[PDB]
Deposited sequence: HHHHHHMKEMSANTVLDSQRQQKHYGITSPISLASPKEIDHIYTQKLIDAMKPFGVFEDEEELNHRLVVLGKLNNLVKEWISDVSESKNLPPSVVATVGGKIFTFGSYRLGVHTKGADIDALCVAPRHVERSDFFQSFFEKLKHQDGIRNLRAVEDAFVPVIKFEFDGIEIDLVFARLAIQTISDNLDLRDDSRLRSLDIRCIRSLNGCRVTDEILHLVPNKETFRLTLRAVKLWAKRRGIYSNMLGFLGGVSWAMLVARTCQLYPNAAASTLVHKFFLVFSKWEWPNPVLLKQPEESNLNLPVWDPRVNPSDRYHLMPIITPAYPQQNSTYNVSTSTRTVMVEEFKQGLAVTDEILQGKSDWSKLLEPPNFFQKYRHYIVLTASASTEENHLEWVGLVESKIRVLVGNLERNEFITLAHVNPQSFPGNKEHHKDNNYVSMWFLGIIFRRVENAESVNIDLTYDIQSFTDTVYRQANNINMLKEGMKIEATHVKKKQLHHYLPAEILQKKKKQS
């Protein structure tokens, strides 16, 4: 009948001024690079066309190393799907593209990472080729004519790949390698969200706004314990179901209304979960004590449903809840004509709202040396936060998920609220090198350093943004 697990909050439709507020929203948003050009969209279209054709090509090549009847190798399909930002149609200028390669019976996960990997290496505009198959979802990353692409692979147990395939079917998962299942998950979730939303135009616009808000406001980063794309996509989709008729302007407002009242850890669900005979691991605190401890459950709607915000510590949950409420306050003003959309988008006073900080400085000798190391460090920051949260005297450890520059360097800043932390820090810096050694990764010239700084002393470290 309606969409979500609950009947909606209101069926109110917009009047002339709500349309006015929406236009102002679009106009506030343009200068931030949120909307791509005809040229850009088309470029993505052209690049993706090739990739697809390569995949259709390569799935034919492999199909002849196995000598199938030539009236079948022709029938053999192959397809590329997108998911994430780009597929949601809300990606920004410079956005990567998350893509999924779907092959038939005769193509093994082993093939994609050796032979098709060899295929890409040779193609004209492909740079930065690299496999990461140890990773949670096995991916091949590259840039194709300047588009960052994160290509992921799945092997289905069918003969062909109907150019109009449909991944939403749960029967597909039956008897599949957990590797193949996690690989289908991306599309499955993305496509599920689009289907669980009553209006796609208003969903997208609202999503674009909310994501901009999150970024500008310093709470966009799954890594560093905040939320990423799929999470914001899901929250905006839940809001859309509750107000199936609103304008984006209203939807951005209601979003803040809804998710500042929201009683955590009530989970955010987009559909009524069904059970299957499939018996896969699933988020469920009613059978998993580990799940009880997730602080801000935002649950993926495609089977098997998982939480997407495992990374959220208490501090980040607390920081975000405050931001939610700030959004509610500013949007109360905006929908009355008393404030402009820009006020919603102002950066927060991070470098003044705290009495103490931690400057997390990370250094390397060469460029390739830097990028890699910065990778490692950044993936470990959530640990320092963790240490700090277990500290008796600490009330909040707030990481700003934007690194800055200053030989190659990068720094992050944590803000702290109390009720001498050099050894919460040591154990962190120690832990980083220590684990860098475990992977035989730490090369000379790669330093990491963390100094506690009072506010009064901050300006010695504050970089270029001092404006």
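Note: segments 1-22, 429-436, 450-459, 508-514 of the deposited sequence have no C-alpha coordinates in the structure.
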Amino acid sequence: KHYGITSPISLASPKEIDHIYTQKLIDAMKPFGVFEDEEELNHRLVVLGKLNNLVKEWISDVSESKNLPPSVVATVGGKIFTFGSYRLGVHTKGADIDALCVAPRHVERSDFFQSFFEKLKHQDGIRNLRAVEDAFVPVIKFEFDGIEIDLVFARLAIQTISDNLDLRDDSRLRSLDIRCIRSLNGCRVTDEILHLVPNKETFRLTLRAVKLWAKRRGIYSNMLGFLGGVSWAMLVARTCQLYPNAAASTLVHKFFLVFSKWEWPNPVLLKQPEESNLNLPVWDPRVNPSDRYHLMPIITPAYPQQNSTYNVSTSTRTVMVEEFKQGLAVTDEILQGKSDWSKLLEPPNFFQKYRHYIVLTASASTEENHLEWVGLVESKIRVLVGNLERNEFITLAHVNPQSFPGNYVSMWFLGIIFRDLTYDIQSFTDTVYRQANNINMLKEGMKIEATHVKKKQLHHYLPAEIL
From here on, numbers count along this sequence of modelled residues.
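For the segment pair 235-243 and 142-150, the entry gives 142-150 the higher mean B-factor, averaged over Cα atoms. For the segment pair 38-46 and 421-429, the entry gives 421-429 the higher mean B-factor, averaged over Cα atoms. In this structure the maximum Cα B-factor among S71, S313, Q336, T361 is found at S71. The top Cα temperature factor in the record, among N391, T160, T250, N266, falls on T160. Sort the chain's modelled residues by C-alpha temperature factor and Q457 lands in the highest third, per the entry. In the PDB entry, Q123 places in the highest third of its chain by CA B-factor. Per the deposited record, the Cα B-factor of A28 falls in the lowest third when ranked against the other modelled residues of its chain. Remark: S379 belongs to the middle third of its chain, ranked by C-alpha B-factor as recorded. Split the chain's modelled residues into thirds by C-alpha temperature factor. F259 is in the lowest one.
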